[PDB]
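Asks: Input: one structure, supplied below.
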Amino acid sequence: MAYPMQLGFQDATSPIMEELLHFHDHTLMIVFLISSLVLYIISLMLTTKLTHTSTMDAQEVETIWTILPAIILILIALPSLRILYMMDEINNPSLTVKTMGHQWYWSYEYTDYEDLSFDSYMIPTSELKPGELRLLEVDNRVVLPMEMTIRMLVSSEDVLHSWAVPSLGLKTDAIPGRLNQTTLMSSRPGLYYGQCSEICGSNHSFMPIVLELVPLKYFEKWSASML
Amino acid sequence: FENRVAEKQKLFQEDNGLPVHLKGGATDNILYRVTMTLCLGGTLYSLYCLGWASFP
Amino acid sequence: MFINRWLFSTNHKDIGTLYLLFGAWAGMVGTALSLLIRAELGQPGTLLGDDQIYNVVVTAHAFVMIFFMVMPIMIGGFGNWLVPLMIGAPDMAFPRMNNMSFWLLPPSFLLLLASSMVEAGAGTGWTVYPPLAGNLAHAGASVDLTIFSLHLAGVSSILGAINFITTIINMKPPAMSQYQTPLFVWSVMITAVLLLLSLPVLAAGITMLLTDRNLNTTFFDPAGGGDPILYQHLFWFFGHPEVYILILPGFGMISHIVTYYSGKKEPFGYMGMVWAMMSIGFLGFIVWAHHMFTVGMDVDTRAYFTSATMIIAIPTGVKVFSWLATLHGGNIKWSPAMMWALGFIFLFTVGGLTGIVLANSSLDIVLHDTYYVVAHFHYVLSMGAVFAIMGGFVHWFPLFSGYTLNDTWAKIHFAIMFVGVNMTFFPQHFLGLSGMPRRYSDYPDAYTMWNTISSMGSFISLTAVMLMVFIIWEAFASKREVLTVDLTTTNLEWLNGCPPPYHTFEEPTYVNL
Amino acid sequence: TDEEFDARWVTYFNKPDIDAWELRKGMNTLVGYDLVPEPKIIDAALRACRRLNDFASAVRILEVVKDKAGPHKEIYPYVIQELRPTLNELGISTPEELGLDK
Amino acid sequence: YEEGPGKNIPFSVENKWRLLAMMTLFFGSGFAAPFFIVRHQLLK
Amino acid sequence: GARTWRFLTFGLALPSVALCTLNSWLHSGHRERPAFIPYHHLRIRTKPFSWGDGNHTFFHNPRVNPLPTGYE
Amino acid sequence: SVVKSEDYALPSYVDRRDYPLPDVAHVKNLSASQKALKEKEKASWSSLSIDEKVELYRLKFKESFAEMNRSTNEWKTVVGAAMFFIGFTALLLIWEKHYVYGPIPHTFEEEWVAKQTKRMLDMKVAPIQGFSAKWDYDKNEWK
Amino acid sequence: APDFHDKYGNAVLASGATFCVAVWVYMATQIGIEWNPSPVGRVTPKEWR
Amino acid sequence: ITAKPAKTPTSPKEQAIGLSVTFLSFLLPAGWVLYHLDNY
Amino acid sequence: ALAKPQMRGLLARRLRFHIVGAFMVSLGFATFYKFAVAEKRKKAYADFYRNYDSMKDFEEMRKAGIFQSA
Amino acid sequence: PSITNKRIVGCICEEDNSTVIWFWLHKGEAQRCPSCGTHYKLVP
Ligand code: HEA
Ligand code: HEA
Ligand SMILES: CCCCC/C=C/C/C=C/C/C=C/C/C=C\CCCC(=O)O[C@H](COC(=O)CCCCCCCCCCCCCCCCC)COP(=O)(O)OCCN
Ligand SMILES: CCCCCC/C=C\CCCCCCCCCC(=O)O[C@H](COC(=O)CCCCCCCCCCCCCCC)COP(=O)(O)OC[C@@H](O)CO
Ligand SMILES: CCCCCCCCCCO[C@@H]1O[C@H](CO)[C@@H](O[C@H]2O[C@H](CO)[C@@H](O)[C@H](O)[C@H]2O)[C@H](O)[C@H]1O
Ligand SMILES: CCCCCCCCCCO[C@@H]1O[C@H](CO)[C@@H](O[C@H]2O[C@H](CO)[C@@H](O)[C@H](O)[C@H]2O)[C@H](O)[C@H]1O
Ligand SMILES: CCCCCCCCCCO[C@@H]1O[C@H](CO)[C@@H](O[C@H]2O[C@H](CO)[C@@H](O)[C@H](O)[C@H]2O)[C@H](O)[C@H]1O
Ligand SMILES: C[C@H](CCC(=O)O)[C@H]1CC[C@H]2[C@@H]3[C@H](O)C[C@@H]4C[C@H](O)CC[C@]4(C)[C@H]3C[C@H](O)[C@]12C
Ligand SMILES: C[C@H](CCC(=O)O)[C@H]1CC[C@H]2[C@@H]3[C@H](O)C[C@@H]4C[C@H](O)CC[C@]4(C)[C@H]3C[C@H](O)[C@]12C
Ligand code: CUA
Ligand SMILES: [Ca+2]
Ligand SMILES: [Cu+2]
Ligand SMILES: [Mg+2]
Ligand SMILES: [Zn+2]
């Protein structure tokens, strides 16, 4: 989850999120440098009493200021598209889990073997247990095995929603009549939080996602206990 | 039929200061007043309808 | 005489004045809505106790700022006042149709404020996506009133586009080629072409939404074989062109302002500026699905939209560097208008660069539907459009009115607004990177510090807006009449005096070959 | 080349029947360039001021030389040094000698 | 029609105090409207 | 006018060619050739070709064009 | 010299450092003494007094370069006034906090935050750089 | 002849700066705004279970 | 730009009145609504 | 007597000098940013995972009582 | 030509200049374009 006064991304939970952090670092250096250079050049143009107000020839300089940006865009696009096609590559999941968005809660279906399904609602503020997080906790967490490739399938039974977990690099819209696929792999155990990410009405702010990542043997026993 | 365009050219070029939408004569004034009365009356009715629809 | 002049106008200047008054009033509405947003977000917990009302406020904020403030001011106001004067034309091509483009806007606005007053409002976002905007999740008249608002705004701008394209093509002096028209006139022509092509697609899509809500069609309803994603494609096919429509006249005004206050006869690289605006207009039609990177589209489609989107930076950079090259060697006059334009160049550049971050679909997965997007467009659109409007307004106020502003007050106004908008929007980058969703009435406690600072910034900009009203009053209260204006040889709109007579160019300009 | 530029401008101001419009056009055009004019150009412009019976324009020309140097404080005193024989021959007082630098 | 400064506008600038009232009502009504819309929605 | 068509040539048409050239040159690497299967609807031989040994197509590429009996 | 609205279409006088020789003289109308001074200007400028040379300058031009290019104290007014209005803004925020904002949620209570902090460290929130990375699990203290 | 800025600029700058700092410091520190800063180096974690 | 002196000069006192009335026109109605939110 | 100073191309000269200065600074910033942000991040993740024991991390979380499932 | 005693001239000083130079031409002595010096004379 996010922490107070946070400036950047949540720490990466998945290898793809790690990749996104290094790509963001590369891109932001470029944004910083260009922003700075424009501000600097503004200040340079504005700090002399020397003048030159006759017609100035443009063609030589326009070569520089098309070619250099084209090269910079290629240096962004190359690693950008490498990550795009890395996520898309065939991975062989161990487990498929469905999530269905509703106004205003998530349901989860684990139907590889048994018909396991349940609803996941925000814990009201007045019912939080000491130490628990306002607007983020749910009654029934999405328990998943750590260090395993999981296929998540996302849809809705009413309006649009969007299933997001920032620390895993995940955001997939939940569209009725459509079954959208994404892959989830956690490098670590723990609790990973997200929030509905398509405006779905009055309680859009209040239908969070909590993943609980545990060893396979714990997941298997939890699965059995939830039938 | 006969070509009466010259007679309409004379009427619509008469130096009487009338704007083109009234230059045909008394019938233009009536059709203008009908149009503007329905527009302004209908607009007041539309505001009444909003007032009504703004409450349960 | 008053009704004949102000309700029955066929005069480009008076219609322009009507648009500026309308847009200024709309900006107060849109500003009040923005302050309600930030008052809710300024402390964790609930203020309004009704998140449907929060969603209505956000939706109305966007529609008012886009359709009733920026487009009427830039195109209706500056376009009507300046375009005929800059080409020596005696009016617009269709001077009576021009008046109907204006008078469609008060009714459009009335339908939007009816949408908010009936039932529970349209709490949809300005995108109005189904099924949230459909007849189950938004039962009753609110969304239909919003759709009709957009229909009347659309007709207004389509007929206005026809008017400006025809005027600009057909009503220049016979010796004047397209390559001897001022950059502002180019900016309006290109904006008008984008309006002509994009708004009919929006009209088709919101019409489909209307029939799904009222005539039992199923364009967007999977139960009938429809698809909510089809609505998104039609909306954004309009919506990306729309964001370039909102900035292009601003680019035109910035070119004139930077040229003027640099003491130059001409912008640097005229033909490059023309090329850049036409390239931006063209590319603006082939990038829309960067608004849809999370909907489930194919990897190759994501790769295409990422790449095509990034291409826009090349012509845009040519414009930024050409503005800097216009300053280069200038006898710089530090007028309030110049300050607005310099603020524009910097803040636009920041927002454009966060756009290039978003263009990368891999990073957009994590940034989509977060405050990072809100930060991006309040830099490029919100601050870019507003800074260009304020620069144009203070530059041309003495032309339109015949009176001068107090330059010291106008510089005070600029300074407060620059502080306020940066304090408001810069921290929203941090909120977005750290995962705060947009369109939220309340937030996890971690996000409190940046939301608190952002809301405090929104109050600084309110102080700037109140001072702007006072500054306009003081100008009309004091009645300092214009005597002389520099650089009329390369700024034709000034050459008929301040204000120009009701009829200008009754005898056209003489231009030989 | 620099010599050809300077020669064209000397020829411009040296035209015996140069009119007031041409004097102004020349000086207003010249100060648009990225240079402080060479003393030989300023000399020719000052002598055109003399043929046009225009003392004030001669003083204004010296002011604009100083202005075109911007922060390069060494240029104006150098140009005045080079012009001293012309200033003495034509009785042109510097802006400094007239107190117009205050 | 009247031409010149203060004459090419649909409002009078003959009296700066009447103008202040008119501007107050004009901008003030636009800025107030959303607060009164929120109040209306809350009172249903 | 000529000026407008030159502006389209250098400002739209040739930049398009430059971008498609960049696109092509990014995907120019050799694809792994598919296993040979002697399908009867392919590698048709009803009459020897009037060149070489009669069994090679006119722009035969040994790397990607198998003969009826397979890759050379 | 009185500049008039109805002269807008005629060349006008300007003081601009980039336009040193404006289209008209500052003073077009001459008194008897000023006429005699313009006659004297047709003779050797060596015979003009300093005062006569200044009077000729001031007929042709309004301000000198030094006068038209002078610095001003305007920046103090602009910066000070902007700080005043930004200060005024904080009064509005004090009013909003006092009269509009009610209590914030109980999750901001010091004891809640101490517990939530420990729970975040127990689930190793941001353990690589962001949060738990700043906690020393061996010494039970912030690093 | 001295203008507005020559007569009043020093006082406008000094008074505006003094007032701005005073009111923002008071607003930030004295009226119960919850800034929710980082607990790092500030909060002693406490048992929650 | 050059301009005439003001035809109807607005004194510092008059500016303080205009600025005060302008600010109150924005602040009082919104203030009234926000003060009464609990009541609504 | 004063020496003849450079009188031509002073604005052009100033631009050239400061554009080169800006490039040189841009290169120094990229080096600093490589070290202070991008490399620091690569090393933080590499160092975290080098001897990372996911089961030990899970056991610590389980014993702290964080999980519904364990 | 003019039907009055002044008319606006725009001067395209060189073929293909994008910048047009605008000025009022008054009845009486020929005036010159302030950019290229081209002479214009009003014929009312
Ligand atoms: C031009 C477009 C524009 C402008 C100007 C603004 C201006 C502002 N906007 Fe925004 N805003 C949007 C377009 C705009 N906005 C859009 C499209 C959305 C998305 C809606 C959705 O999600 O569906 C949005 C959403 C949005 C949000 C996100 C809400 C959420 O996700 O829950 C926030 C949050 O702080 C915000 C704040 C503001 C603030 C504080 C201002 C201002 O207060 C900043 C200061 C600017 C001014 C005060 C304007 C001054 C101008 C005038 C008064 C005109 C004067 C006229 C003349 C001189 C002629 N706006
Ligand atoms: C004025 C309006 C405006 C303008 C001009 C832009 C310009 C750009 N926008 Fe933005 N955009 C919005 C208004 C605007 N946008 C709005 C309102 C939304 C949200 C809608 C909603 O959801 O409600 C949005 C959303 C939006 C998204 C969707 C994000 C999401 O929802 O997840 C993306 C994705 O690519 C995008 C990208 C860009 C890009 C690449 C540009 C480019 O055109 C920017 C180009 C400019 C520069 C790059 C800076 C100057 C260039 C240089 C100095 C040269 C050197 C630079 C480089 C080499 C990089 N914007
Ligand atoms: C590079 C772009 C264009 C290149 C043009 C072609 C170059 C060589 C020949 C030129 C003439 C072409 C015209 C069309 C005729 C038939 C085939 C041409 C197409 C071609 O070149 O096809 C080649 C085969 O050519 C073959 O068989 C053999 C081709 C040679 C013999 C053709 C003889 C037939 C002539 C027909 C005459 C009819 C004329 C019509 C008159 C009508 C008037 C009413 C393809 O190579 P491949 O190895 O099979 O596959 C590639 C594997 N890597
Ligand atoms: C659900 C309900 C929503 C619908 C709301 C409908 C909106 C508005 C009501 C429409 C009222 C129309 C009244 C007739 C308008 C005729 C306009 C016209 O014919 O305008 C002409 C110009 O446009 C031209 O030609 C070419 C343009 C002719 C345009 C004709 C009118 C179009 C109306 C709708 C257009 C939307 C387009 C549909 C696709 C998106 C004439 O221009 P003027 O300035 O008048 O004169 C110029 C003089 O020199 C002539 O002697
Ligand atoms: C030139 C000025 C402009 C003219 C303005 C016209 C104003 C007069 C409108 C009359 O009002 C009507 O009254 C009926 C009530 O008696 C309504 O009937 C409707 O509402 C009824 C409610 O009883 C329902 O039975 C039916 O839907 C239906 O008959 C109808 O909707 C409504 O319009
Ligand atoms: C957070 C964003 C903050 C925005 C800050 C706003 C700063 C306010 C600037 C006003 O101060 C004045 O600025 C003039 C220009 O407006 C200066 O002109 C002087 O200096 C200039 C040199 O560039 C010359 O052009 C002028 O002739 C000369 O009088 C003048 O001395 C100075 O007092
Ligand atoms: C985002 C835009 C708004 C920003 C904040 C505006 C700043 C506030 C301006 C003052 O507003 C007023 O505040 C008073 C309180 O100070 C209110 O009086 C209320 O409180 C008084 C004191 O209890 C009573 O006497 C009154 O009857 C009662 O209405 C009054 O109604 C209201 O107009
Ligand atoms: C040919 C055309 C118009 C020239 C004229 O008639 O004045 C000019 C105007 C803008 C020019 C373009 C812009 O300067 C941007 C690019 C600059 C590059 O150095 C060449 C390609 C580039 C895309 C240019 C090609 C061409 O020279 C353009 C398109
Ligand atoms: C007799 C009359 C002459 C009209 C005239 O020149 O004034 C003719 C000329 C063309 C005729 C029209 C055309 O022949 C076409 C139509 C033919 C139908 O049989 C009758 C109606 C019809 C629409 C005709 C009506 C009328 O008889 C018209 C108008
Ligand atoms: Cu569900 Cu937003
Ligand atoms: Ca709140
Ligand atoms: Cu877009
Ligand atoms: Mg979305
Ligand atoms: Zn010319």
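Within each chain, counting starts at residue 1; across the structure tokens, chains are named A, B, ... in the order shown, with ligands numbered 1 upward in that order.
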Let me see if you get this right: every residue at most 8 Å from ligand 3, counting only C-alpha atoms and all ligand atoms, written as a list in words.
Replies: residues 49, 56, 57, 58, 59, 60, 61, 64 and 65 of chain F
Asks: What residues of the protein or nucleic acid chains come within 10 Å of ligand 14 when you use only C-alpha atoms and all ligand atoms? Reply as a VMD selection string.
Replies: chain K and resid 9 to 14 17 19 to 22 32 to 40
Asks: For chain B, which residues have at least one atom within 10 Å of chain E, if we go by only C-alpha atoms? Write them as a list in words, please.
Replies: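 Output check: residues 54, 55 and 56 of chain B.
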Asks: Applying 8 Å and only C-alpha atoms, which residues near range 61-69 of chain G remain after dropping the ones on its own chain fewer than 3 positions away? List them as an MDAnalysis selection string.
Replies: (chainID D and resid 56 60 63:64 67 100:102) or (chainID G and resid 15:17 25:27 57:58)
Asks: Would you mind exporting N, CA and C atoms of the selected residues as an mmCIF file, in the first residue's frame?
Replies:
data_model
loop_
_atom_site.group_PDB
_atom_site.id
_atom_site.type_symbol
_atom_site.label_atom_id
_atom_site.label_comp_id
_atom_site.auth_asym_id
_atom_site.auth_seq_id
_atom_site.Cartn_x
_atom_site.Cartn_y
_atom_site.Cartn_z
ATOM 1 N N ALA D 56 19.945 66.712 -33.250
ATOM 2 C CA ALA D 56 19.393 65.817 -32.211
ATOM 3 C C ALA D 56 19.582 64.354 -32.629
ATOM 4 N N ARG D 60 21.252 60.996 -30.733
ATOM 5 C CA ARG D 60 20.454 59.768 -30.536
ATOM 6 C C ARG D 60 21.214 58.566 -31.115
ATOM 7 N N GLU D 63 23.647 57.453 -28.671
ATOM 8 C CA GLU D 63 22.963 56.722 -27.573
ATOM 9 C C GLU D 63 22.713 55.277 -28.016
ATOM 10 N N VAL D 64 22.307 55.087 -29.253
ATOM 11 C CA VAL D 64 21.891 53.738 -29.655
ATOM 12 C C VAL D 64 23.134 52.859 -29.823
ATOM 13 N N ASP D 67 23.602 51.579 -26.453
ATOM 14 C CA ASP D 67 22.533 50.613 -26.109
ATOM 15 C C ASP D 67 22.806 49.248 -26.757
ATOM 16 N N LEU D 100 22.612 63.824 -20.885
ATOM 17 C CA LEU D 100 21.489 62.956 -21.315
ATOM 18 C C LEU D 100 21.733 61.488 -20.931
ATOM 19 N N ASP D 101 22.832 61.194 -20.245
ATOM 20 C CA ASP D 101 23.077 59.861 -19.640
ATOM 21 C C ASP D 101 22.482 59.758 -18.216
ATOM 22 N N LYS D 102 21.828 60.779 -17.673
ATOM 23 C CA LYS D 102 21.329 60.748 -16.262
ATOM 24 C C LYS D 102 19.923 60.103 -16.237
ATOM 25 N N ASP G 15 9.241 56.305 -27.739
ATOM 26 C CA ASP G 15 10.575 56.083 -27.146
ATOM 27 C C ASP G 15 10.763 54.577 -27.018
ATOM 28 N N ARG G 16 11.566 54.003 -27.895
ATOM 29 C CA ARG G 16 11.847 52.546 -27.925
ATOM 30 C C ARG G 16 13.315 52.393 -28.289
ATOM 31 N N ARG G 17 14.059 51.626 -27.521
ATOM 32 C CA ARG G 17 15.526 51.564 -27.723
ATOM 33 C C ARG G 17 15.838 50.891 -29.064
ATOM 34 N N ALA G 25 8.861 64.140 -34.944
ATOM 35 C CA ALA G 25 9.451 64.863 -33.808
ATOM 36 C C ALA G 25 8.496 64.807 -32.624
ATOM 37 N N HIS G 26 9.060 64.789 -31.426
ATOM 38 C CA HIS G 26 8.295 64.917 -30.154
ATOM 39 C C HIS G 26 7.504 66.229 -30.169
ATOM 40 N N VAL G 27 8.158 67.341 -30.557
ATOM 41 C CA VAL G 27 7.504 68.680 -30.575
ATOM 42 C C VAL G 27 7.462 69.155 -32.037
ATOM 43 N N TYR G 57 17.625 68.600 -28.681
ATOM 44 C CA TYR G 57 17.381 67.175 -28.375
ATOM 45 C C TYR G 57 15.941 67.027 -27.910
ATOM 46 N N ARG G 58 15.525 67.895 -27.000
ATOM 47 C CA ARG G 58 14.202 67.794 -26.322
ATOM 48 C C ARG G 58 13.074 68.220 -27.273
#
Asks: When the cut-off is 12 Å and we count only C-alpha atoms, which residues of chain D are near chain G, given as a PyMOL selection string?
Replies: chain D and resi 20-33+49-68+70+86-102
Asks: Write the selection just made, keeping N, CA and C atoms, as a short mmCIF file (atom, residue, chain, number, x, y, z; two decimals), in the first residue's frame?
Replies:
data_model
loop_
_atom_site.label_atom_id
_atom_site.label_comp_id
_atom_site.auth_asym_id
_atom_site.auth_seq_id
_atom_site.Cartn_x
_atom_site.Cartn_y
_atom_site.Cartn_z
N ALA D 20 15.55 62.54 -44.82
CA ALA D 20 15.25 62.29 -43.40
C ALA D 20 14.70 60.86 -43.29
N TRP D 21 13.78 60.48 -44.18
CA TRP D 21 13.17 59.13 -44.14
C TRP D 21 14.28 58.07 -44.25
N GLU D 22 15.19 58.23 -45.20
CA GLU D 22 16.29 57.28 -45.44
C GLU D 22 17.23 57.22 -44.23
N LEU D 23 17.53 58.34 -43.61
CA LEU D 23 18.41 58.34 -42.42
C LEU D 23 17.75 57.45 -41.34
N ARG D 24 16.48 57.71 -41.05
CA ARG D 24 15.74 56.97 -40.01
C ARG D 24 15.69 55.47 -40.38
N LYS D 25 15.32 55.17 -41.62
CA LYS D 25 15.18 53.80 -42.13
C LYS D 25 16.50 53.08 -41.94
N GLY D 26 17.59 53.73 -42.29
CA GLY D 26 18.92 53.13 -42.15
C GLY D 26 19.20 52.80 -40.69
N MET D 27 19.08 53.78 -39.80
CA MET D 27 19.46 53.56 -38.38
C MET D 27 18.50 52.55 -37.75
N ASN D 28 17.20 52.64 -38.04
CA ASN D 28 16.20 51.73 -37.42
C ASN D 28 16.42 50.30 -37.92
N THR D 29 16.90 50.12 -39.14
CA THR D 29 17.19 48.79 -39.73
C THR D 29 18.50 48.28 -39.12
N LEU D 30 19.52 49.14 -39.08
CA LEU D 30 20.86 48.71 -38.66
C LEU D 30 20.81 48.17 -37.22
N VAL D 31 20.04 48.79 -36.33
CA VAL D 31 20.08 48.37 -34.91
C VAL D 31 19.35 47.04 -34.73
N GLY D 32 18.74 46.48 -35.77
CA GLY D 32 18.13 45.13 -35.68
C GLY D 32 19.15 44.01 -35.77
N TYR D 33 20.35 44.32 -36.24
CA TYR D 33 21.41 43.30 -36.48
C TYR D 33 22.15 42.96 -35.19
N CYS D 49 23.48 63.26 -40.78
CA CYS D 49 22.72 64.14 -39.85
C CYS D 49 23.13 65.60 -40.15
N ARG D 50 24.41 65.84 -40.40
CA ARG D 50 24.88 67.22 -40.66
C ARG D 50 24.26 67.76 -41.97
N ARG D 51 24.23 66.96 -43.02
CA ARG D 51 23.63 67.39 -44.32
C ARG D 51 22.14 67.65 -44.12
N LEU D 52 21.51 66.94 -43.18
CA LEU D 52 20.06 67.08 -42.91
C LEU D 52 19.80 68.12 -41.81
N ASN D 53 20.81 68.85 -41.34
CA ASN D 53 20.66 69.91 -40.31
C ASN D 53 19.96 69.36 -39.06
N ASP D 54 20.31 68.14 -38.65
CA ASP D 54 19.60 67.42 -37.56
C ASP D 54 20.63 67.06 -36.48
N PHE D 55 20.88 67.99 -35.57
CA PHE D 55 21.80 67.80 -34.44
C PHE D 55 21.25 66.70 -33.52
N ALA D 56 19.94 66.71 -33.25
CA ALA D 56 19.39 65.82 -32.21
C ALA D 56 19.58 64.35 -32.63
N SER D 57 19.36 64.05 -33.91
CA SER D 57 19.47 62.65 -34.41
C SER D 57 20.92 62.20 -34.26
N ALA D 58 21.89 63.11 -34.41
CA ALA D 58 23.30 62.71 -34.25
C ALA D 58 23.54 62.24 -32.81
N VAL D 59 22.98 62.95 -31.84
CA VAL D 59 23.13 62.56 -30.41
C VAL D 59 22.45 61.19 -30.18
N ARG D 60 21.25 61.00 -30.73
CA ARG D 60 20.45 59.77 -30.54
C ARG D 60 21.21 58.57 -31.12
N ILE D 61 21.90 58.77 -32.25
CA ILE D 61 22.75 57.73 -32.88
C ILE D 61 23.83 57.31 -31.87
N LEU D 62 24.47 58.25 -31.22
CA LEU D 62 25.51 57.86 -30.21
C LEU D 62 24.85 57.07 -29.08
N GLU D 63 23.65 57.45 -28.67
CA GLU D 63 22.96 56.72 -27.57
C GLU D 63 22.71 55.28 -28.02
N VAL D 64 22.31 55.09 -29.25
CA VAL D 64 21.89 53.74 -29.65
C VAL D 64 23.13 52.86 -29.82
N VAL D 65 24.28 53.42 -30.13
CA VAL D 65 25.57 52.67 -30.12
C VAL D 65 25.80 52.09 -28.72
N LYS D 66 25.69 52.94 -27.71
CA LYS D 66 25.87 52.48 -26.32
C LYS D 66 24.83 51.39 -26.03
N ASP D 67 23.60 51.58 -26.45
CA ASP D 67 22.53 50.61 -26.11
C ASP D 67 22.81 49.25 -26.76
N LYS D 68 23.19 49.23 -28.02
CA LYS D 68 23.47 47.97 -28.78
C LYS D 68 24.62 47.16 -28.16
N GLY D 70 24.92 46.55 -25.02
CA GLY D 70 24.41 45.82 -23.86
C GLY D 70 25.41 45.89 -22.70
N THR D 86 35.67 63.39 -35.83
CA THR D 86 34.37 63.76 -36.46
C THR D 86 33.53 64.60 -35.48
N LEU D 87 33.45 64.21 -34.22
CA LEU D 87 32.64 64.97 -33.22
C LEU D 87 33.18 66.40 -33.15
N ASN D 88 34.49 66.56 -33.10
CA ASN D 88 35.16 67.89 -33.00
C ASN D 88 34.90 68.68 -34.28
N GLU D 89 35.05 68.07 -35.45
CA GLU D 89 34.86 68.76 -36.75
C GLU D 89 33.41 69.25 -36.87
N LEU D 90 32.43 68.42 -36.47
CA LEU D 90 30.98 68.75 -36.68
C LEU D 90 30.35 69.41 -35.45
N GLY D 91 31.08 69.51 -34.34
CA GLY D 91 30.56 70.10 -33.10
C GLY D 91 29.44 69.26 -32.50
N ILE D 92 29.55 67.93 -32.63
CA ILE D 92 28.58 67.00 -32.01
C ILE D 92 29.01 66.77 -30.56
N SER D 93 28.19 67.19 -29.61
CA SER D 93 28.39 66.86 -28.17
C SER D 93 27.88 65.42 -27.92
N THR D 94 28.60 64.67 -27.08
CA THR D 94 28.14 63.34 -26.64
C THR D 94 26.92 63.46 -25.74
N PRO D 95 26.12 62.40 -25.62
CA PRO D 95 25.05 62.38 -24.62
C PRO D 95 25.58 62.70 -23.21
N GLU D 96 26.77 62.20 -22.89
CA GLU D 96 27.41 62.46 -21.58
C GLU D 96 27.68 63.97 -21.43
N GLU D 97 28.23 64.61 -22.45
CA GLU D 97 28.53 66.06 -22.42
C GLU D 97 27.23 66.87 -22.30
N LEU D 98 26.09 66.33 -22.73
CA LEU D 98 24.79 67.04 -22.63
C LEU D 98 24.03 66.65 -21.36
N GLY D 99 24.56 65.73 -20.57
CA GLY D 99 23.87 65.29 -19.35
C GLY D 99 22.72 64.34 -19.65
N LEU D 100 22.61 63.82 -20.89
CA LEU D 100 21.49 62.96 -21.32
C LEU D 100 21.73 61.49 -20.93
N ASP D 101 22.83 61.19 -20.24
CA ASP D 101 23.08 59.86 -19.64
C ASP D 101 22.48 59.76 -18.22
N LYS D 102 21.83 60.78 -17.67
CA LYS D 102 21.33 60.75 -16.26
C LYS D 102 19.92 60.10 -16.24
#
Asks: Report as a PyMOL selection string which protein, DNA and RNA residues come within 6 Å of ligand 6, using only C-alpha atoms and all ligand atoms.
Replies: (chain C and resi 333-335+411+415+418-419) or (chain G and resi 69-75+78)
Asks: Could you pull out the residues sitting within 6 Å of ligand 2, using only C-alpha atoms and all ligand atoms, and write them as a ChimeraX atom specification?
Replies: /A:69,72-73 /C:243-244,246-247,290-291,309-310,312-313,316-317,320,349,352-353,355-356,358-359,364,367-369,373,377,380-381
Asks: Please give me, as a ChimeraX atom specification, the residues lying within 12 Å of ligand 11 when counting only C-alpha atoms and all ligand atoms.
Replies: /A:205 /C:36-51,54,440-445,447-448,451-452,455 /G:97,100-105
Asks: What residues of the protein or nucleic acid chains come within 10 Å of ligand 4 when you use only C-alpha atoms and all ligand atoms? Reply as a PyMOL selection string.
Replies: chain C and resi 10+92-101+103-104+108+147-160+162-163+166+196-204+207+210
Asks: Which residues come within 12 Å of residue 85 in chain A, counting only C-alpha atoms, excluding same-chain residues fewer than 4 positions away, as a list in words?
Replies: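 Once the adjacent positions are removed, what remains is residues 16, 78, 79, 80, 81, 89 and 90 of chain A; 298, 299, 300, 301, 302, 303, 361 and 362 of chain C.
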Asks: Which polymer residues have any atom within 10 Å of an atom of residue 15 in chain I, counting only C-alpha atoms, with same-chain residues fewer than 6 positions away left out, as a list in words?
Replies: residues 470, 471, 473, 474 and 477 of chain C; 21 of chain I
